[PDB]
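The block underneath contains the structure these notes are about, expressed in structure tokens.
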Protein chains: 6
Amino acid sequence: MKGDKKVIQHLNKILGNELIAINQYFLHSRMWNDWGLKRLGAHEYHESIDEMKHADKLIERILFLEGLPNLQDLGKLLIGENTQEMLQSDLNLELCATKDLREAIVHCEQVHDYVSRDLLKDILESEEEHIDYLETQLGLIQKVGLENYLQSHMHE
Amino acid sequence: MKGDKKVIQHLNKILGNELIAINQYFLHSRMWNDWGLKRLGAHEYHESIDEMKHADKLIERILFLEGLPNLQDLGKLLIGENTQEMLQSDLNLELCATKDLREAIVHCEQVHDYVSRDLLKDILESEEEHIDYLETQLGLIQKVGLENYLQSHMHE
Amino acid sequence: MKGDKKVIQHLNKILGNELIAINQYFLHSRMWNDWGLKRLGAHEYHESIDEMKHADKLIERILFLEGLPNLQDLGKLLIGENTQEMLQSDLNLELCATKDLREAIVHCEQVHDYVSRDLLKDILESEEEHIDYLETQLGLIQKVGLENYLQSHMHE
Amino acid sequence: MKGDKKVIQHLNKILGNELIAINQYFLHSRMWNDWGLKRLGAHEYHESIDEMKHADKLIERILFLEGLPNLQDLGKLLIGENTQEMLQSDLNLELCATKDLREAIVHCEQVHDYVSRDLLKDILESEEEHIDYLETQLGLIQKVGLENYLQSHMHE
Amino acid sequence: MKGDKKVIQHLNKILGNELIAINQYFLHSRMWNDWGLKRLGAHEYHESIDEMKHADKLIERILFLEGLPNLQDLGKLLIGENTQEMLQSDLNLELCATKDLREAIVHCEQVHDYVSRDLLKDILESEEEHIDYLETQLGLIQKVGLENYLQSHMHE
Amino acid sequence: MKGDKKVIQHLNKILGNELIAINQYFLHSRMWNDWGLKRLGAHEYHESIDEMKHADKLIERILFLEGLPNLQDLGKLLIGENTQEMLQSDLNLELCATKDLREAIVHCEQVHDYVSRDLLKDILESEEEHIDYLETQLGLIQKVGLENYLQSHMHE
Ligand code: HEM
Ligand code: HEM
Ligand code: HEM
Ligand SMILES: O=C1NC(=O)c2cc(O)ccc21
Ligand SMILES: O=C1NC(=O)c2cc(O)ccc21
Ligand SMILES: O=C1NC(=O)c2cc(O)ccc21
Ligand SMILES: [K+]
Ligand SMILES: [K+]
Ligand SMILES: [K+]
């Protein structure tokens, strides 16, 4: 086993967070489409795809390090009941997920696994972009009002 | 005469429903255009055209089965006085139409007219898509407010 | 109500005639297709489409004049049992329909609704073109014989 | 062995019907070409090709289900002596074929082989289209006369 | 609530099977890539994508029927230790999946949800195509030998 | 009857051999596809098509000679159970078939039917090309081994 055991555990934890996000964002996307909020549905679909790509890269790295990728354990999805709750739930997931990424990067640095660190840092940048998007949407609801915000997300 | 008599009666019942829908949706479309709600006008125009295409297929099938297509009997149009009533009236019509489609499909299955069943199932899929659209629009009125909903349908 | 009440009644009468023609010509088209007389089927399809376009223009004018377009009342279709009867029935409809158009134009002129008159005159020109076609087809049956006439309308 | 034994027997029965049709239509096609009725020759060629495609799909399905496709048993060809007899013979064959298709579909439904049912329903739609063509041609002989009907099928 | 409760339960059962397959096939794909068997890796990737598309359609249908799609419950993945075990595990999963699909289709038919039945039949056709592929690969291992079979799947 | 009676009998015998070959090669093709030996499946499909083209030419010649083409009598297909047996069965058919072609050519020469002789000689050349292919494949099995030979025919 070339990989550090705790690096592989961290990568499996990040992978687990990505698997939650894939499903949460995909369901939220299709809920927004069901409600006719097609601009939100499309954006959230692309967020789900992005997490799928991150999961792929993590799986590939874990296998290279001779670990066993964990696609069996799926943690808790938090599905919102309206647009505000869904955006907030995605934000909660990302805030928790970025904390785990930082902890994983610390450990990779400590054991000199600089390539795993670089992979995690690229994922972290994408997740901070998603936090930027989510916080901005919640702010727009405050600034333009919920009804206007939803109206602006009806059409793609 | 090759067609089962009750199959032909069912197909003419579905055809009669299509003829109601053609006219109700065409009038609703032109009412929305008169009011300057051009996006609703255009969508409802396309709903009317889709029902015209279904009527065509039913007429063709009835003639193949050596029945007499009934284009004479036009049942009650459900014409709303405002956008919410018009959408609800279209939805009520579609719920009646899908009930009749299911009863026709049962009978086609029982007498082994599988090609008529397949035609009716294709129509049913299209009518359920219309129900999806209509329920979604009524939900959007609740989520964004009536005035915003109408505003979003002014421009094509 | 900007529209003259009797103008709107005349426009609804013309619209009623167009609704009969749409369905009569559409059924005749599909009967000719069922019989393999594809050239007649295609021509009659385009006659039906033309009447659909006239109906649309009438509906739009009635709504502009603040009348209620009548798409509920469908008058008597006269469906022929063979090619000669079908052509004759279409001709009967057009002869009756053009009489109603002339009466409507007289009234529009009387009350100075020159734009409604112009719309009706454009429809009248199209209907006289259809009479030209129909009389010519019936004459061809006399000149070339029924069997040859039908033969000449097998292929598109 | 995954296939239901009686499903495979039904599929081989349908395959046997297709093999009859392939040969009957191919010979009728080449008879019409020999007689200079090239449009009938070409249409009947394409009917034979369509049956070849159906046979291919049946063979593929039987092999997937771990049955033995029967390409050995060739039932009685119904070869006409003139155009009217050839068309009537094709029609008689197709009426027998659709009876067998309906019985096969019933059995597939009963044992939950829904993919075989869907294949057979697609074949049935194609055979009913052929019945439509054949009944139409026999009707045209009556409407335009035999000599005109043949004349109309000299040139492609 | 428009959906039949047991239909929704069946659709969520099928969805749960798709979620297992997505992850099992994605991991098998990346295991094959890790081992340098790039053609197997690519084929299995595309199998995983196809299951993703099926899951999407199921989620959309469940939401239309006013049910709650279950993306939370992930059943047992069947992960093989070598190529033969991985293919057999995929085959075992697919045989379970088609059993559940047939039971769902029976129920949809019984309650006249013909559009859900049509969706499930399309999924079933795709899963039987996968069974065809898998049985064929296991047969090829026997016919060409394991080492040759793997060699043939090194290069894309 | 312009054709020599025994020429027509010979042409019907060759046609009979072609009808066996069409079905034998088509089934063998689809068996190879079922087994994932796609290169063999495709080659054998094209052999079947080639025999279909020969059959067409024979049918056309027989009709020109005022004979009755025999598409009713189908002789014995010999379907192999594995690749070696299938190749050997195709070779057996071709060896028998070419003997019949030579006998037919002798007779055509004797009665001065040089155009039928030329047609048969063109078919004979194609059949000798097929013998060349078949003998070569059986030789390759001997030279590279069965498992390698099959491996080389997995991919198109
Ligand atoms: C008031 C009654 C109807 C109106 C106002 C109407 C109006 C129209 C209009 C405006 C079009 C588009 C023509 C164009 O610009 O190309 C159209 C197309 C068509 N209509 Fe109708 N229609 C009516 C009834 C029917 C009926 C009863 C049928 C069949 C039974 C039918 C079948 C069609 C078909 C097949 C098309 C062509 C659609 C396509 O493939 O593009 N319509 N109709
Ligand atoms: C006397 C018997 C048959 C004759 C004379 C015949 C003749 C032909 C001919 C002339 C073609 C067109 C080839 C070309 O120019 O491209 C053709 C195509 C074909 N035949 Fe046959 N055929 C026969 C039996 C069969 C059978 C039994 C099958 C399957 C069981 C079959 C399957 C096909 C297929 C799949 C094609 C290709 C069609 C396409 O996709 O373009 N045929 N046949
Ligand atoms: C570990 C779990 C999953 C992984 C690793 C994964 C991975 C991927 C990857 C790599 C792609 C291709 C993206 C691209 O390059 O364009 C993709 C596409 C897709 N995935 Fe997933 N996915 C997962 C779960 C899901 C789930 C649960 C769904 C739906 C419920 C889903 C639906 C899709 C869809 C719709 C596409 C787009 C396919 C297309 O139309 O091109 N995936 N996935
Ligand atoms: O998610 C997984 N990674 C593995 O290596 C594995 C093995 C297994 O038997 C079940 C699930 C999993
Ligand atoms: O054809 C119609 N034009 C209308 O304005 C209308 C209203 C109504 O309740 C039913 C039918 C119709
Ligand atoms: O294969 C055939 N050629 C023919 O002329 C013919 C006639 C018939 O009644 C049945 C079969 C066949
Ligand atoms: K607004
Ligand atoms: K003539
Ligand atoms: K090798």
Side-chain angles (χ1 to χ4, degrees), chain B residues 1 3-4 7-27 48-49 51-56 58-75 77-79 93 96-97 100-101 103-104 116 119-120 123, chain C residues 12-35 40-41 44-45 47-52 54-56 58-59 69-97 100 127 130 134:
Chain B
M1 161 175 189
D4 174 90
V7 167
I8 292 163
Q9 290 174 325
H10 276 290
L11 296 178
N12 265 328
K13 186 167 191 182
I14 307 312
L15 177 57
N17 290 339
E18 296 293 340
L19 296 166
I20 295 168
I22 290 164
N23 284 19
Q24 174 172 319
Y25 303 162
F26 206 89
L27 181 54
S48 182
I49 296 289
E51 302 291 45
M52 293 174 205
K53 293 180 187 175
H54 299 326
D56 189 14
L58 289 160
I59 294 164
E60 293 177 341
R61 182 67 182 167
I62 294 163
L63 291 166
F64 168 68
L65 297 175
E66 305 174 65
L68 297 182
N70 187 342
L71 285 77
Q72 178 68 85
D73 292 333
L74 182 62
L77 310 188
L78 305 173
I79 305 306
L93 181 62
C96 291
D100 290 342
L101 279 157
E103 293 170 1
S116 293
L119 173 59
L120 295 173
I123 294 173
Chain C
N12 264 326
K13 185 168 189 184
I14 306 312
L15 174 58
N17 291 338
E18 294 293 339
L19 297 169
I20 296 166
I22 290 166
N23 288 17
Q24 178 167 316
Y25 301 165
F26 205 89
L27 180 51
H28 281 164
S29 168
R30 272 44 189 145
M31 290 171 60
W32 274 316
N33 287 344
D34 170 45
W35 293 333
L40 278 161
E44 189 74 343
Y45 170 86
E47 296 286 3
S48 182
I49 295 292
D50 283 357
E51 302 288 57
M52 292 174 207
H54 300 326
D56 189 12
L58 289 162
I59 292 163
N70 187 344
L71 286 80
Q72 178 67 89
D73 298 333
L74 182 63
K76 195 66 200 169
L77 316 194
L78 290 177
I79 306 302
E81 291 193 306
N82 60 32
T83 293
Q84 296 163 291
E85 293 192 2
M86 295 154 76
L87 291 169
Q88 297 276 7
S89 184
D90 289 359
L91 180 56
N92 300 359
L93 185 55
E94 292 292 8
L95 291 169
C96 296
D100 290 341
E127 306 306 352
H130 192 195
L134 291 161

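Chain naming here is simple, since letters A, B, ... match the order of the sequence lines and numbering starts at 1 in each.
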Verdict with reasoning, B/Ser116 to B/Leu11, per side-chain contact (heavy atoms from CB on, under 4.5 Å): CA-CA 8 Å; B/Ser116 293; B/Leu11 296 178; 4.2 Å; yes
Does [X] reach the side chain of [Y], with side-chain heavy atoms less than 4.5 Å apart?
{"X": "B/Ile59", "Y": "B/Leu71", "value": "yes"}
{"X": "B/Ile62", "Y": "C/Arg30", "value": "no"}
{"X": "B/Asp100", "Y": "B/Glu103", "value": "yes"}
{"X": "B/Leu27", "Y": "C/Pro69", "value": "yes"}
{"X": "C/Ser89", "Y": "C/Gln24", "value": "yes"}
{"X": "B/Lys53", "Y": "B/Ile49", "value": "yes"}

Donor-acceptor contact below 3.5 Å, side chain C/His28 vs main chain C/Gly80: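 Answer holds: yes.
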Main-chain N/O of B/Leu15 paired to B/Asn12 side chain as donor or acceptor, under 3.5 Å: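 Pair absent, no side-chain N/O of B/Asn12 close to backbone of B/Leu15.
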With sequence neighbours excluded, tell me which residues meet side-chain hydrogen bond (donor to acceptor under 3.5 Å, both in side chains) with [X].
{"X": "C/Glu44", "value": "none"}
{"X": "C/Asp34", "value": "none"}
{"X": "C/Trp32", "value": "C/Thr83"}
{"X": "B/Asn23", "value": "none"}

Full working for side-chain contact (heavy atoms from CB on, under 4.5 Å) between B/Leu63 and C/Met31: CA-CA 7 Å; B/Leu63 291 166; C/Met31 290 171 60; 4.2 Å; yes
Contacts of B/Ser48 that satisfy side chain to side chain contact (heavy atoms under 4.5 Å, CB included) - sequence neighbours left out: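 Checked B/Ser48 against side chain to side chain contact (heavy atoms under 4.5 Å, CB included); matches are B/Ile22, B/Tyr25, B/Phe26, B/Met52.
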Counterpart residues, side chain to side chain contact (heavy atoms under 4.5 Å, CB included), relative to B/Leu68 (two or more places apart):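 Testing B/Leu68 for side chain to side chain contact (heavy atoms under 4.5 Å, CB included), a comparison that skips the adjacent residues, returns none.
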To the nearest 0.5 angstrom, please state how far the [atom1] atom of [X] sits from the [atom2] atom of [Y].
{"X": "C/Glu127", "Y": "C/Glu94", "atom1": "CD", "atom2": "CD", "value": "4.0 Å"}
{"X": "C/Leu78", "Y": "C/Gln88", "atom1": "CG", "atom2": "CD", "value": "12.5 Å"}
{"X": "C/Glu51", "Y": "C/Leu58", "atom1": "CD", "atom2": "CG", "value": "10.0 Å"}
{"X": "C/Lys13", "Y": "C/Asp73", "atom1": "NZ", "atom2": "CG", "value": "13.0 Å"}
{"X": "B/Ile14", "Y": "B/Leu19", "atom1": "CD1", "atom2": "CG", "value": "11.5 Å"}

Closest contact, heavy atoms only, C/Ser29 versus C/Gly41: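 In terms of heavy atoms, the two residues are closest at OG-O, 2.7 Å.
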Audit row: B/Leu120, B/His10, side-chain contact (heavy atoms from CB on, under 4.5 Å) steps and yes/no: CA-CA 10 Å; B/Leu120 295 173; B/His10 276 290; 5.8 Å; no
Trace of the side chain to side chain donor-acceptor pair (under 3.5 Å) decision for B/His54 with B/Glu18: CA-CA 7 Å; B/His54 299 326; B/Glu18 296 293 340; 5.1 Å; no
Check against side-chain contact (heavy atoms from CB on, under 4.5 Å), B/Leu77 and B/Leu93: CA-CA 9 Å; B/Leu77 310 188; B/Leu93 181 62; over 6 Å; no
